[PDB]
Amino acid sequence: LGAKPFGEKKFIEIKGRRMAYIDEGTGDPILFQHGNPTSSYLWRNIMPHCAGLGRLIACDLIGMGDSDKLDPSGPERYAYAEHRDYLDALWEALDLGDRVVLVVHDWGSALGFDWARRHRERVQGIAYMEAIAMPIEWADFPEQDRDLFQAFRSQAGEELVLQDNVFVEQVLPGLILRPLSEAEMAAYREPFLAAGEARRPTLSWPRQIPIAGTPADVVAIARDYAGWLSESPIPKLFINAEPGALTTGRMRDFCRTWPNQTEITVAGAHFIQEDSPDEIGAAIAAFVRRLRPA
């Protein structure tokens, strides 16, 4: 569908740190949240489908996309709680109102699902895909990259990620079924061109995945939003992927129990937005048109 970004980046100061985001259009928000190691750019070919249906917003997580890096960065930085502190503040600053449709992926789903549980009256609908829908076990993690993710969560992670940029350069293309162009890869590597701490968010994220009980704070937060989503009547759109990657097996079985949910299946592994953007955008736009009838 293309390498051109959607709209233009806007910036706003949050906790003294300039965060970047796309905010196009008017009306209630349709809020797209990327995860690791992507940015608002992940949604560039999906957001056009929602033209005219709302205020289309896609924020770049702190340390990612065009958002500022945290300094001094190190292994204690960019944990989920820190990301949430910045993202909650940015969402508050954007004056989103009380009928928000969340469209989430990967860490964007952990953050969005948690935000939704804490601001449930303001959530009109939730569309999710390849999400972190609940705490998992290593047996639930996809086999292809299980050893690599165990390595990220070990002392080997700094060389793999900070030195060699393995998340951007290997994991990202490895979990996209079609070949990316030069320009698309340039957009993904841009925030991470420099070796070292600039790449820290892409290492801190896998170390935060609630797997086999650790980190316990994130396991608790995900246990909470999992229980809440399993009971919430808020309309949901589950965009399942084939073969998919993270939302397969037990997690997919659990997601399929969620109430008031519509599901479509699109081709893709993990970064399914690069494989089936039109199918995904058409589904999201249809979900929003149903939630916002004239």
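From 1 onward, residues are counted along the sequence shown.
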| query | finding |
| --- | --- |
| Residue range whose averaged C-alpha B-factor is higher in the record, 282 to 290 or 9 to 17 | 9 to 17 |
| Mean C-alpha B-factor comparison - 26 to 34 and 64 to 72, higher one | 64 to 72 |
| Peak C-alpha temperature factor (PDB record), options 108, 157, 97, 191 | 97 |
| Candidate residues 42, 229, 50, 57, the one whose C-alpha B factor the record puts highest | 50 |
| Entry-reported Cα temperature factor of residue 88, expressed as the chain third it lands in | middle |
| Modelled-residue ranking by C-alpha temperature factor, third containing residue 266 | middle |
| Residue 165 by Cα B-factor - lowest, middle or highest third of the modelled chain | middle |
| Where the record places residue 206 (Cα B-factor, split into thirds across the chain) | lowest |
| Within-chain third of residue 102 by Cα B-factor, per the entry | lowest |
